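Novice: Quick one, structure for this:
(chains A and B, ligands or ions: 7)
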Amino acid sequence: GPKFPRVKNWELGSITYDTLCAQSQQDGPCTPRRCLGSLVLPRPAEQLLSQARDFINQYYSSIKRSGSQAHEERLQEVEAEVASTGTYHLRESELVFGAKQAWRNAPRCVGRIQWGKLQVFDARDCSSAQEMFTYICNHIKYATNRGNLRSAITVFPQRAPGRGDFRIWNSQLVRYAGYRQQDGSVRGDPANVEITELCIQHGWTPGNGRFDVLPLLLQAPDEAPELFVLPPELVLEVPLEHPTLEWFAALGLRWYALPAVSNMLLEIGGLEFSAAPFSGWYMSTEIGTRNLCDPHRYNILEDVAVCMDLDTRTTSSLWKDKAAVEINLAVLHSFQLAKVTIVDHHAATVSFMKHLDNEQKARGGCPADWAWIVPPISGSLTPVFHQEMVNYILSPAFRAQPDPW
Amino acid sequence: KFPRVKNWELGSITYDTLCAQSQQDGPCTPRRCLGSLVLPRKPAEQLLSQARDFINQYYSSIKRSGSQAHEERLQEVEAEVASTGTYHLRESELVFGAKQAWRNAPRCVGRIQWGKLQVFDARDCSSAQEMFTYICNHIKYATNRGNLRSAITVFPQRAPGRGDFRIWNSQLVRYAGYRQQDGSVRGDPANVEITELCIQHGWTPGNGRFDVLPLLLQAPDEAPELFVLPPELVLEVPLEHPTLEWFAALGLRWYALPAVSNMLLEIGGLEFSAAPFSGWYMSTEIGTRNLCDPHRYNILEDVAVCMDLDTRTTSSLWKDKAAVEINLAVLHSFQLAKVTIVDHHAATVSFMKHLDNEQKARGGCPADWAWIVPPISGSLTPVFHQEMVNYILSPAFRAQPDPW
Ligand code: HEM
Ligand code: HEM
Ligand SMILES: Cc1ccnc(CCCCCO[C@H]2CNC[C@H]2Cc2cc(C)cc(N)n2)c1
Ligand SMILES: Cc1ccnc(CCCCCO[C@H]2CNC[C@H]2Cc2cc(C)cc(N)n2)c1
Ligand SMILES: C[C@H](O)[C@H](O)[C@H]1CNc2nc(N)[nH]c(=O)c2N1
Ligand SMILES: C[C@H](O)[C@H](O)[C@H]1CNc2nc(N)[nH]c(=O)c2N1
Ligand SMILES: [Zn+2]
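Specialist: Numbers count the residues shown, from 1 in each chain, chains lettered A, B, ... in the order given. Ligands and ions are numbered 1, 2, ... in the order given. The structure is reproduced below:
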């Protein structure tokens, strides 16, 4: 056959070959000796120009003018700018294209069928921590849209030679506090202990609830971060109830509507946007399985199993499985009742299969990380489990970056 | 570079140094990871060095590393390869090698049991009839009236001249799958091809959902022969549900003994083309994959209807809820029948202990995350949150071509 990886779907028997991976210019962590695919984080003028030329080429292909005069002129303009200043700057429409392409390129995202529909807010004029806050509030308002969620990204100024970065210190725009107790346990979300403590070091008066919304720590170049409280009316939340287990509401659980990642670096043509928060909507398992049932998160499985009167003293009762299903159902039901956009893991994986087919035809492949794409409950009940995937790094890309402190 | 390996639930970290012992490349490269692929597309001196490496493993295992016996065994192996192009294992080495092949299998969640393996040496087998006798004794031994005991039977090694000893069936117990002119399948769609090969070689088919297939057994360079397993040797479990009474009416069942019969066992460069092995099931293999895969028995919808679930929308989680009850029924039914089984929580907890044992013993453990994490409730098991490094060590179990 072809000398490109063969990719099989074992449910349907169908075969594709991934040719897109040939475009990867960046190595992942695997070698012929050992696969490191399951690791969460596996650990310059000529170089900038070559990433920039590549990206400008991607742009001109996307608008079907490769080899055109406007294409050759832009290339020259980019080399001249880099030549005389050591950097360059994107056109508005280049940034929109690059932001969408980073999403389309993200191997860990099951929601990529939506990739073409992203509102890009250009905030490259931002010059202060206070203005970042305004931009972020506008982002949250637009994206939340009273529950009819819309995908969006706001892009703050790029990294610059010798000047400090724009950074949002919080990992997400909405995060529940995690308060360390004298006995060593945690009230609230244990994922957020560090950010919670940093907010308190920077003058935040802490609450003491399990769902206290954190303030934002926003950092403009070469300044200490400044603390900003989100007006509560901007943060849509959904109290959790279950459709037939009437006691579930009494548990006082809730989650926020807007999933907005704020700690990732957006890379386009070698340019680095260190503050570029992006948002979409939730797949129900993120809330109902990971955030609520991880042992190191809210860890509510046993509490729910006891309310359901399950035998929690033995693994073979499948008490964990039964409780998790009911908690996932509660999440779906509560978001539906509240008219807030959410997608269940069956619908989301079906839509990703459609995405894979669309991308096979458009680009000859789709970079995908199987362990991240397969949902954390009911894996083999979803079509993606039976689908082989090829994982590789394309650019434009969203990348993890070190914490600013 | 030795990988750092993190558990994200506990925050603990190890470094895998065992991977440096790998002499066999997987499908990944720095440009793209192919870890999710089920089978990626992939002389005396080379046999001699695999042979020496293996003999060293063995003498080290019995602590007699560097002894008279060690050096004379290396000379024997060398003398034999130099003269004949091949060599032969002593039974004690075979037993060590088979256990090590299991220990090394990255897709196996059950490896806490790796030291406890009954090895039947069947290298004095010269006919399909003889293979059948050995397979029947394996089944009787391993089944043990429901108190399942792990075992492997090792038939004669591949030899340069001639055809292989092979068991054509992928497991020793398989249900027939009867294709219909109208395309559909009665029975197990995984076994349509093997069912058809059996008929073509003379089997009189049944017409039920759970007809146990005969074995097609092949001695070198001969047509395969058909053998019907005595019904008494094949322990089966009727499936019922502890509370839902209609569930038994579905007429469902599964066999006790998972015995894989199509993999090649490689020890010291020698290759055992027929070396069936068995343990016991993890319940999700039956309750989730075999019964709920859409390309297997595909019973989710039927169960969901029996439960009166709302089937018209994904967001009712009807699939999830039905899958759970089906898994519960498998566990309940094996327990009631006193047939060994392990649930996915207990199995993954045992595998975590195994990882720790292996860290102390060998400085790592090769494991394939996609296979170790169960197909329901992944993140509810400890293995979901555990980083894993995958690589090929020898001795090994490998896939091999179908013999037809
Ligand atoms: C429109 C609805 C969307 C859905 C349902 C969705 C779904 C998901 C899910 C379920 C994950 C896994 C997260 C986890 O396990 O913690 C994820 C990861 C991700 N998605 Fe999305 N996605 C959406 C939109 C977006 C958008 C708009 C972007 C960027 C513009 C994006 C970029 C990402 C990235 C970069 C990751 C990886 C995050 C990381 O590694 O930390 N996705 N997506
Ligand atoms: C003692 C109880 C055992 C349990 C509970 C167990 C569990 C499992 C499970 C759940 C799988 C994945 C199977 C699938 O998804 O279809 C598996 C695969 C495997 N196990 Fe075991 N195991 C056991 C014993 C053994 C033994 C005795 C051997 C060999 C001597 C072995 C070697 C393997 C191999 C080679 C695979 C991979 C099969 C393939 O790639 O086709 N295991 N094990
Ligand atoms: C836009 C959208 C749509 C739906 N869901 C989301 C939320 C994604 C949350 C991502 C959280 O990922 C974090 C927490 N768990 C694994 C870890 C992965 C990771 C690790 C690190 C060091 C950095 C990073 N950016 N991402 C976002
Ligand atoms: C000892 C033991 C304990 C518990 N379970 C088992 C049964 C294992 C059945 C494995 C069958 O695997 C088959 C069917 N699904 C993926 C596929 C992997 C595979 C594919 C191919 C071509 C060959 C092969 N050997 N293995 C055996
Ligand atoms: C160790 C393992 O890589 C890790 O727990 C991964 C597995 N798959 C995941 N998949 C998603 N979508 N999100 C995650 O946080 C994780 N965690
Ligand atoms: C494509 C994917 O690798 C394939 O469906 C794998 C996933 N994980 C698995 N895990 C186990 N234990 N058994 C399997 O057959 C599979 N199938
Ligand atoms: Zn890999």
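
Novice: how about the strands in the stretch 201-350 of chain A?
Specialist: Here the stretch 201-350 of chain A has its strands, by DSSP state E, counting those that start in this stretch, at A:216-219, A:226-228, A:237-239, A:254-256, A:260-261, A:265-268, A:271-273, A:278-279, A:282-283, A:342-343.

Novice: Domain map for chain A?
Specialist: A:18-124+A:151-161+A:265-279+A:349-373, A:125-150+A:165-236+A:400-404, A:237-259+A:282-347 (curated CATH domains).

Novice: What residue, apart from its backbone neighbours, is nearest the residue in the stretch 301-405 of chain A positioned nearest to ligand 3 spatially?
Specialist: In the stretch 301-405 of chain A, no residue comes nearer to ligand 3 than residue A:400, which is 3.6 Å away by C-beta to the nearest ligand atom. Yep, even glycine has a C-beta here, placed from its N, CA and C like the rest. Excluding the flanking residues, the one nearest residue A:400 by C-beta to C-beta, 6 or more residues apart in numbering or on different chains is residue A:41, at 6.0 Å.

Novice: isn't the one you found right next to residue A:402, touching?
Specialist: No. Applying C-beta atoms under 8 Å, one finds residue A:41 not in contact with residue A:402, separated by 10.6 Å.

Novice: Kindly state the beta-bridge partners for the residue most central in space within chain A.
Specialist: By C-alpha atoms, centre = their mean, the mean C-alpha position of chain A lies nearest to residue A:261, the distance being 5.2 Å. Here residue A:261 shows beta-bridge partners residue A:172, residue A:278, assigned using DSSP bridges.

Novice: ok, the residue of the stretch 301-405 of chain A closest to ligand 3 - how many residues close by?
Specialist: 10 (other C-beta atoms under 10 Å in any protein chain shown).

Novice: Now it. Its backbone dihedrals?
Specialist: Dihedral pair for residue A:400: phi -70, psi 160, per degrees, to the nearest 10.

Novice: ok so, going back, out of the strands of the stretch 201-350 of chain A, which is closest to ligand 7?
Specialist: strand A:265-268 (22.3 Å; C-beta to the ion).

Novice: re earlier: now the domains of chain A in CSV, with distance to residue A:390?
Specialist: Below are the domains of chain A laid out as CSV (distance: least, C-beta to C-beta, whole Å):
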stretch, distance to residue A:390
domain A:18-124+A:151-161+A:265-279+A:349-373, 5
domain A:125-150+A:165-236+A:400-404, 21
domain A:237-259+A:282-347, 22
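
Novice: closest to residue A:392 out of these?
Specialist: Residue A:392 lies closest to domain A:18-124+A:151-161+A:265-279+A:349-373 among those, at 4.4 Å (C-beta to C-beta).

Novice: isn't residue A:71 right up against residue A:56?
Specialist: Yes. Between residue A:71 and residue A:56 a contact is recorded at 7.4 Å, counting by C-beta under 8 Å.

Novice: Would you mind telling me which of those two has more residues around it?
Specialist: A direct count of neighbours by other C-beta under 10 Å for residue A:71 and residue A:56 places residue A:56 higher, at 22 against 17.

Novice: picking that back up, which one of the strands of the stretch 201-350 of chain A lies nearest to residue A:77?
Specialist: The closest approach between residue A:77 and any of these, judged by C-beta to C-beta, belongs to strand A:271-273 at 14.5 Å.

Novice: As a check, name the ranges of all helices in chain A.
Specialist: A:45-62, A:69-85, A:92-105, A:129-144, A:193-201, A:284-285, A:292-293, A:301-307, A:319-337, A:345-363, A:370-373 (DSSP state H).

Novice: residues near the residue nearest to residue A:102 when sequence neighbours are not counted, how many?
Specialist: Leaving aside its sequence neighbours, residue A:102 sits nearest to residue A:396 (C-beta to C-beta, 6+ apart; 4.0 Å). Here the number of neighbours of residue A:396 (other C-beta under 10 Å) works out to 24.

Novice: same question, residue A:383
Specialist: Around residue A:383 there are 18 residues (other C-beta under 10 Å).

Novice: Am I right that it is in contact with residue A:353?
Specialist: Yes. With contact defined as C-beta under 8 Å, residue A:383 and residue A:353 form a contacting pair (5.1 Å).

Novice: Find the residues that touch each one of the two.
Specialist: Counting by C-beta atoms under 8 Å, 6 or more residues apart in numbering or on different chains, residue A:383 and residue A:353 have no contacts in common.

Novice: Distance from the chain centre to stretch A:103-115, please.
Specialist: 9 Å (C-alpha atoms, centre = their mean, to the nearest Å).

Novice: Does it reach ligand 1?
Specialist: Yes. Contact of stretch A:103-115 with ligand 1 (C-beta under 6 Å from any ligand atom) involves A:103, A:106, A:108, A:109, A:110, A:111, A:114.

Novice: And that stretch, what's buried?
Specialist: For stretch A:103-115, burial by neighbour count (16 or more other C-beta atoms under 10 Å in any protein chain shown) applies to A:103, A:104, A:105, A:106, A:107, A:109, A:110, A:111, A:112, A:113, A:114, A:115.

Novice: contact partners of it?
Specialist: With C-beta under 8 Å, 6+ apart, stretch A:103-115 has contacts from A:100, A:116, A:118, A:151, A:278, A:280-281, A:283, A:343, A:348-349, A:351-352, A:354-355, A:358-359, A:366-369, A:372-373, A:375, A:384, A:391-398.

Novice: let's see it at 6 Å
Specialist: Applying C-beta atoms under 6 Å, 6 or more residues apart in numbering or on different chains, the external contacts of stretch A:103-115 come out as A:100, A:151, A:280, A:348, A:351-352, A:354-355, A:367-369, A:372-373, A:391, A:394, A:397-398.
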